[PDB]
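*Asks:*
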Amino acid sequence: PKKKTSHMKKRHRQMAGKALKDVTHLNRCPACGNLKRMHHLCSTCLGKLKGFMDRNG
Amino acid sequence: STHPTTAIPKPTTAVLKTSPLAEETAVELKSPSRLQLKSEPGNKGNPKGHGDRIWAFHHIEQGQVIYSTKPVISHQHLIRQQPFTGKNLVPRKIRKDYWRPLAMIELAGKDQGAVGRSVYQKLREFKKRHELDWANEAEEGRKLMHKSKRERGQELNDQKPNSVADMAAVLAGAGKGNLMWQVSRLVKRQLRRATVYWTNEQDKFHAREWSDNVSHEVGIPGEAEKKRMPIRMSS
Amino acid sequence: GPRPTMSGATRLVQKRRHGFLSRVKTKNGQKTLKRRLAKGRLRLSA
Amino acid sequence: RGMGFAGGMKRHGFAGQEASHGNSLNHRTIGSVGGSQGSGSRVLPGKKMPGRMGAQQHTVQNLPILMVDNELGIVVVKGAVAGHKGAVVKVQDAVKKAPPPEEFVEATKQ
Amino acid sequence: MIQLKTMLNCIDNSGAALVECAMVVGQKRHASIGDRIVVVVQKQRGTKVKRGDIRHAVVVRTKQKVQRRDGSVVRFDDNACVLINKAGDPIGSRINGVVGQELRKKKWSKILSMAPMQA
Amino acid sequence: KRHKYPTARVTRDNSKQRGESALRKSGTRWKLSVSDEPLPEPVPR
Amino acid sequence: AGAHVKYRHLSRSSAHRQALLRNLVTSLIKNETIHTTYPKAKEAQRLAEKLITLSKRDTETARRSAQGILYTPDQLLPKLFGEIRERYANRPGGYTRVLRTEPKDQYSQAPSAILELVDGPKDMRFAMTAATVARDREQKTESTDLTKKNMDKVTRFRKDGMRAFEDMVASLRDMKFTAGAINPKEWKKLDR
RNA sequence: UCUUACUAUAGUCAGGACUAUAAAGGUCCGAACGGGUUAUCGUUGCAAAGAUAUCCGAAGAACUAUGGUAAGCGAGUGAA
RNA sequence: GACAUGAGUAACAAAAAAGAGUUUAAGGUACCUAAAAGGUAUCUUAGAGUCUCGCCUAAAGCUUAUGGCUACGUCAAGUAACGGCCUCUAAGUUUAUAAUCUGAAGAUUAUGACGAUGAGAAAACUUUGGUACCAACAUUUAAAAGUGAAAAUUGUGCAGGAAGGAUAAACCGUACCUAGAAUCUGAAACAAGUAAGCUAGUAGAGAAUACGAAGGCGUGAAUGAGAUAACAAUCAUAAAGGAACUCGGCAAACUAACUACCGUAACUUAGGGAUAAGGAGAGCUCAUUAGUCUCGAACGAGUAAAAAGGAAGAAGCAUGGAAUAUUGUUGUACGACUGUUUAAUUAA
RNA sequence: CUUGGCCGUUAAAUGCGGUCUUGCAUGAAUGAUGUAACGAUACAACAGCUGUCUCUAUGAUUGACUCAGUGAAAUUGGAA
RNA sequence: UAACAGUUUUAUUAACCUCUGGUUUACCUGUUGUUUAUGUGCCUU
Ligand SMILES: [K+]
Ligand SMILES: [K+]
Ligand SMILES: [K+]
Ligand SMILES: [K+]
Ligand SMILES: [K+]
Ligand SMILES: [K+]
Ligand SMILES: [K+]
Ligand SMILES: [K+]
Ligand SMILES: [Mg+2]
Ligand SMILES: [Mg+2]
Ligand SMILES: [Mg+2]
Ligand SMILES: [Mg+2]
Ligand SMILES: [Mg+2]
Ligand SMILES: [Mg+2]
Ligand SMILES: [Mg+2]
Ligand SMILES: [Mg+2]
Ligand SMILES: [Mg+2]
Ligand SMILES: [Mg+2]
Ligand SMILES: [Mg+2]
Ligand SMILES: [Mg+2]
Ligand SMILES: [Mg+2]
Ligand SMILES: [Mg+2]
Ligand SMILES: [Mg+2]
Ligand SMILES: [Mg+2]
Ligand SMILES: [Mg+2]
Ligand SMILES: [Mg+2]
Ligand SMILES: [Mg+2]
Ligand SMILES: [Mg+2]
Ligand SMILES: [Mg+2]
Ligand SMILES: [Mg+2]
Ligand SMILES: [Mg+2]
Ligand SMILES: [Mg+2]
Ligand SMILES: [Mg+2]
Ligand SMILES: [Mg+2]
Ligand SMILES: [Mg+2]
Ligand SMILES: [Mg+2]
Ligand SMILES: [Mg+2]
Ligand SMILES: [Mg+2]
Ligand SMILES: [Mg+2]
Ligand SMILES: [Mg+2]
Ligand SMILES: [Mg+2]
Ligand SMILES: [Mg+2]
Ligand SMILES: [Mg+2]
Ligand SMILES: [Mg+2]
Ligand SMILES: [Mg+2]
Ligand SMILES: [Mg+2]
Ligand SMILES: [Zn+2]
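Residue numbers (our numbering), protein chains in the order written: chain L, 613 to 669; chain V, 5 to 239; chain C, 1275 to 1320; chain X, 54 to 163; chain S, 1414 to 1532; chain U, 76 to 120; chain H, 65 to 256.
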């Protein structure tokens, strides 16, 4: 680098259009009703059901 | 290719129940061998006196056992009787200050060395089947399978308790075709008399039960000259 | 540039060159000890 | 057909450089990008450099019609045509050729 | 596809047995059947041409495949030619071997007049 | 043994302890005479 | 500059990428389900359905090709040409199911999924649908159009069919599995 | 304790070939080992001298280990 | 000295490689449950282990050195199955003694002392100089055979191959690490470097080459998961041509090893050149057998014996089938030659 | 001076080899001169061989690229 | 009229895989060395 980068030009590169995008693709689990991700399985029900099918069956 | 057995109940040829898994006892799984139906099997092609006595040495700190036909052990015994149980667990040599005589087996027949070489075989085969194929201690007893490879290899080195139970089994007729039996075939069969010399009286209690043809003596010949006094429970 | 000159170095040669007896028993060595002693050193040799 | 980010050889037909006669890390590179101070002290606009290639319109002119089938719905033209299979194309009379006869233009409208 | 330093087999009774291509006349792309080339005689056979002479030649058959209008492709086992003069006429009087059929369309009727078999 | 000369046909496995491990419980390689019986269980120390 | 990839290479060598799929399909038949990354689940999905297709053939060439995909054929072959062959006798393709899940490893945050065998003992969508009907019957609510659709999907080709589904729902109610579930009529009034 | 030479006590050189020898050769092919020929890579390197391939010697003026000796006015050692 | 910039960028790529289950301790969340608790599931930190797959292997394995900023319950009269200490001395050392020399410091010779990298009784019980010597090389020898050591026997070449002494159990060492996965040296958790023994088997002349039983490993998140642009590195293949490239065949490719095979030019210091050049053969199956070996009873049979074996035969595009050994020839200059040299830009 | 003349080699010879030599400025142990053998020395030619090239193309792995974790350096009078 | 037969080259730019070729690292076939697992496996009364 020939010259030090100013506070202005570095704040541009750091935050101009690189803001964290919000996760808006969320729905509720049909079994427990907890907030889950769209098209994904519920982690709370997956573990419980995965453990419930191990004891009896 | 190896074939491991499962810890399932099975029948024993010995007169006693070697393990809780033993269903039956004194079961004949094969006809009497050549020398089994012989009153006096002799030392045919072996030196004079060979087989009349069988010694057992153990590591007083770790419990590694070694069987020997002679009153002493050499480097051959450690290499041909100690399997690899991990790094820093198989000694490079025999240290005189660690290895002591565990017990000595003497037979009544002063010239029937063949009966001794048979007991020495079943003892070495049982040991090999204790270091390998130990399915009876994987989930029960010491639970070697629930331990680390470092701590597991140390419990496999402690063959002293297992060896004492092998003597009570081998001397009780355990093993297919061992010459500790004596089939008359007039068909009546019986066991041969034997004596076990112990350096520590408490060691003979590793076996849950001993046969009726074994006599227990304290002190091994040649031990007193080394200024090593035996351990007695009654004192 | 520097070289790995302490590879395969033995501690027997450390005592024969820079040991204590190699100095009290020599004319020049007594100066080293007397110099290091006036400075206050704790490690007079090796 | 889309070619993605293309180098200098596939995009501009650059010759490349040597392969073994001492060449160092420059086999498919473009080399110099202009002249020194006396040429502007800058890379001139329009300089041929790597970039995305393809996925652009392309016109193939003067392709005769070999077959015409109404049932199959096909129009067989001679030669090649830009794009992949299953892509839409625009077929029209040639601009560098006289229009079809006046009778044909009327018959089709009729 | 005959190019510079390509070795060919001369199949006429002109005196050359193996010629080396030195120049493709009238084009930049490598020579195919029926193209002119300046060659250099490298071997002879037992006003013939001696070793080292420079003459014009015509590629009669090549080892590279040659597509044709009707989709029929031909391929020979070697590259051969026949020497000619700058005027365009053959030097030899007899051609020994099969020649490519592309000589007819490239104005080489004289070469085909003495061609025993065409392929 | 029929042929005894040192060049006789070799048909034995010279790797005696092939696939035999005590830490992995590989089991015995061959069927021994004490392999059909349960291992005697001793009394712990 | 060249052709597009035919499949995922998964940043592995030729020999390493083949054994990876043979191990994922070997563990799928042994455990009936595996939880791995989504790209690995979708690559093994094409090899798992091509192995069950070999189990529904009669020639020996299919029995030898299946022996070359599994890593313990002697142990897993009787099951492939046995239970599994009988399970998918009437299902024309689509013997596997890939369901997206939360990252298995929170460190890398890599998208994960569950590759399972449909109509199997460890079918996750068959249980998740049973928990939904169990919650609906326990809350006096009406099942949605999507729940009714998933109910038929997980009972059409199953051996017991609806009987096995009603038993799953009954076992989840006697266990109080739906204890603490949020009623669907209160989801619009929740911000967390 | 690097390195050069010397010195004392020790150690190493698969196998094969030719040669007058069973063993007499600064012999030959080629591992270990010892060199570092060419090339590429690397150049804020894995490395303040490395990696890969290729190449040379490999019973000798060979190589290696543990000690010892000779160096800083004169120059120690130096197949230079 | 603190804090910026580059920049949340490079980097965490030794061309071994991972995948799916299980599980312990402590703690953080959600739900069940409101008597605290406990249970189910999940996440974090520090671990352990099972199955499958791959890598190293005359090692990246095991046993021990040099050494050690790894850790302290590591245990011996001696041999088998141990070193030191101790005894003897080599090269050398000496602020020891005597003599001598010397501006002082000191130096010299003799003697003494000291000094291992060497030599030291017995034990599975034990306490003269070829009448030679134990350098190199070769040979022979623990009697069923073969292999490898120990020591000895005999011989060979010149380069001609130590010294000295003899002949009831103290003290010190003993853990762990051996460099591809947490320890040595390289400023460090470095793709480098470092001693000795062992280092499965198949197959080979072999420690070459390929596979790899056990063992270890596939790093302390010092990383992991995706996608598979340009370009770079490291590689594979390629129509026709075959050095047209270039300072120059740089690099790459061709060639290649093996046989008790055939054959081999000019020239020559008569040794060579020469493994010249240039050709032939190879695996599987099998007729056949003088002896050796085996079986039965001289003879017969047998390769589920080692070998020999032929102008025998079968199949395929191909039988030096995969891996390993990097072309041939020719004319000059310089230096006879093998060697040595600027450690780390010049190896001539 | 100079790519010295001539001959051979090349389609083309400032090269190489042979020869003529009036050698700016060869020469006899600062050795002169010709062979065999040897050479990772240097120059030149031939055969074979090849992506060296005509003229590049495709494919594989690791980087490059994106996400998550950790987190440098040279450099910088101030900069719209 | 019908039928039959004949109606440029070179260079350059771009596009395109029908043809001739090249490539093919999860296709088919043959094959060598070695290893692992499974199955099977000699003569005689
Ligand atoms: K500018
Ligand atoms: K050197
Ligand atoms: K001692
Ligand atoms: K003095
Ligand atoms: K080369
Ligand atoms: K043959
Ligand atoms: K040399
Ligand atoms: K095409
Ligand atoms: Mg130790
Ligand atoms: Mg220096
Ligand atoms: Mg050193
Ligand atoms: Mg596309
Ligand atoms: Mg190019
Ligand atoms: Mg390059
Ligand atoms: Mg300007
Ligand atoms: Mg990656
Ligand atoms: Mg492979
Ligand atoms: Mg030194
Ligand atoms: Mg030599
Ligand atoms: Mg660079
Ligand atoms: Mg040589
Ligand atoms: Mg050599
Ligand atoms: Mg940047
Ligand atoms: Mg970037
Ligand atoms: Mg990066
Ligand atoms: Mg918890
Ligand atoms: Mg002394
Ligand atoms: Mg010593
Ligand atoms: Mg390292
Ligand atoms: Mg290493
Ligand atoms: Mg370090
Ligand atoms: Mg090797
Ligand atoms: Mg290790
Ligand atoms: Mg890993
Ligand atoms: Mg080509
Ligand atoms: Mg070709
Ligand atoms: Mg040229
Ligand atoms: Mg040119
Ligand atoms: Mg054929
Ligand atoms: Mg020389
Ligand atoms: Mg240098
Ligand atoms: Mg150099
Ligand atoms: Mg002179
Ligand atoms: Mg990042
Ligand atoms: Mg096509
Ligand atoms: Mg496949
Ligand atoms: Zn849920």
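Built from N, CA and C at the ideal position, the CB exists for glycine as well.
#1: Quick check: the Cα distance between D216(V) and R86(H), rounded to an integer number of angstroms?
#2: Kindly give me the distance between the Cβ atoms of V233(H) and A198(H), rounded to whole angstroms, as I take these residues to be in contact under 8 Å.
#3: Does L1417(S) come out as helix, strand or coil in the three-state DSSP assignment?
#4: From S1526(S) to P1503(S), what does the alpha carbon distance come to, in whole angstroms?
#5: Does the beta-carbon of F1294(C) have 16 or more other beta-carbons within 10 angstroms, so that it is buried, or is it exposed?
#6: Whether or not the region 113 to 129 of chain V and the region 43 to 55 of chain V are in contact is what I'm after, with contact meaning three or more pairs of Cβ atoms, one per stretch, closer than 8 Å; do they touch?
#7: Just to make sure I have the definition right: I need the residues of chain H whose C-beta is within less than 7 Å of the C-beta of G669(L). Which are they?
#8: For the candidate residues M1436(S), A1528(S), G1459(S) and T1475(S), whose alpha-carbon lies nearest to that of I1467(S)?
#9: May I ask which residues mark the beginning and end of the beta strand (DSSP E) holding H220(V)?
#10: Would you please verify whether the beta carbon of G49(V) is less than 9 Å from any beta carbon of chain U?
#11: Would you check if the region 1502 to 1520 of chain S and the region 100 to 109 of chain V touch, i.e. whether three or more CB-CB distances between them fall below 8 Å?
#12: Does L638(L) get closer than 9 Å to chain H when you measure Cβ to Cβ?
#13: Please compile the residues from chain U whose C-beta is within a distance smaller than 9 Å of the C-beta of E135(V).
#14: Using a cut-off of 8 Å between C-beta atoms, extract the partners of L632(L) located in chain H.
#15: Buried or exposed: which applies to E95(U), given that a residue is buried once 16 or more other Cβ atoms fall within 10 Å of its Cβ?
#16: Rounded to the nearest angstrom, what separates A139(V) and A11(V) at their Cα positions?
#17: What residues match up with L661(L) in a beta bridge as DSSP calls it?
#18: So, under 8 Å CB-CB, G69(X) and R81(X) are touching, yes? Tell me the CB distance rounded to an integer number of Å.
#19: Around ligand 1, what residues have a beta-carbon under 6 Å from a heavy atom of it, in chain order?
#20: Is the region 152 to 167 of chain H in contact with the region 614 to 624 of chain L, if contact means three or more CB pairs nearer than 8 Å?
#21: What residue range does the alpha helix (DSSP H) around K648(L) cover?
#22: Please list the partners that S235(H) has in chain L, where partner means a Cβ-to-Cβ separation under 8 Å.
#23: Any chance the CB of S167(V) is under 8 Å from a heavy atom of ligand 16?
#24: Since I believe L136(V) is in contact with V174(V) (beta carbons under 8 Å), could you give me their beta-carbon distance rounded to a whole number of angstroms?
#25: Using a Cβ-Cβ cut-off of less than 7 Å, give me the residues of the region 148 to 174 of chain H that come near chain L, in sequence order.
#26: With DSSP as the reference, label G1513(S) as helix, strand or coil.
#27: List the residues of chain U that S5(V) touches, going by C-beta distances under 7 Å, in chain order.
#28: Nearest to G67(V) by CA position, among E27(V), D207(V) and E221(V), is which residue?
#29: Would you mind giving the Cβ-Cβ distance between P175(H) and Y71(H), rounded to the nearest angstrom? I have them listed as a contact below 8 Å.
#30: Count the CB pairs spanning the region 188 to 195 of chain V and the region 72 to 83 of chain V that are closer than 8 Å, and state whether there are at least three.
#31: Going by Cα to Cα distance, which pick from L148(V), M171(V), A176(V) and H81(V) is closest to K97(V)?
#32: Which residues of chain L have a Cβ atom closer than 8 Å to the Cβ of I133(H), listed in chain order?
#33: Within 10 angstroms of its Cβ, does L661(L) collect 16 or more other Cβ (buried), or is it exposed?
#34: Take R189(V) and list the residues in its own chain whose beta-carbon comes closer than 6 Å to its own, dropping the five residues that flank it on each side.
*Replies:* Working from what's here:
#1: 59 Å
#2: 5 Å
#3: coil
#4: 11 Å
#5: exposed
#6: yes
#7: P185
#8: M1436(S)
#9: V218 to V222
#10: no
#11: no
#12: no
#13: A97
#14: Under the 8 Å cutoff, chain H gives no residues; its nearest Cβ is about 14 Å from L632(L).
#15: buried
#16: 5 Å
#17: Answer is none; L661(L) lacks a bridge partner.
#18: 5 Å
#19: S94(X) and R95(X)
#20: no
#21: No alpha helix (DSSP H) holds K648(L); the beta strand (DSSP E) holding it covers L647 to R649.
#22: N668
#23: no
#24: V174(V) to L136(V), Cβ: 18 Å. No contact.
#25: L163, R164, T165 and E166
#26: coil
#27: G94
#28: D207(V)
#29: Contact doesn't hold; Cβ gap of about 18 Å is too wide.
#30: no
#31: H81(V)
#32: Under the 8 Å cutoff, chain L gives no residues; its nearest Cβ is about 26 Å from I133(H).
#33: buried
#34: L41
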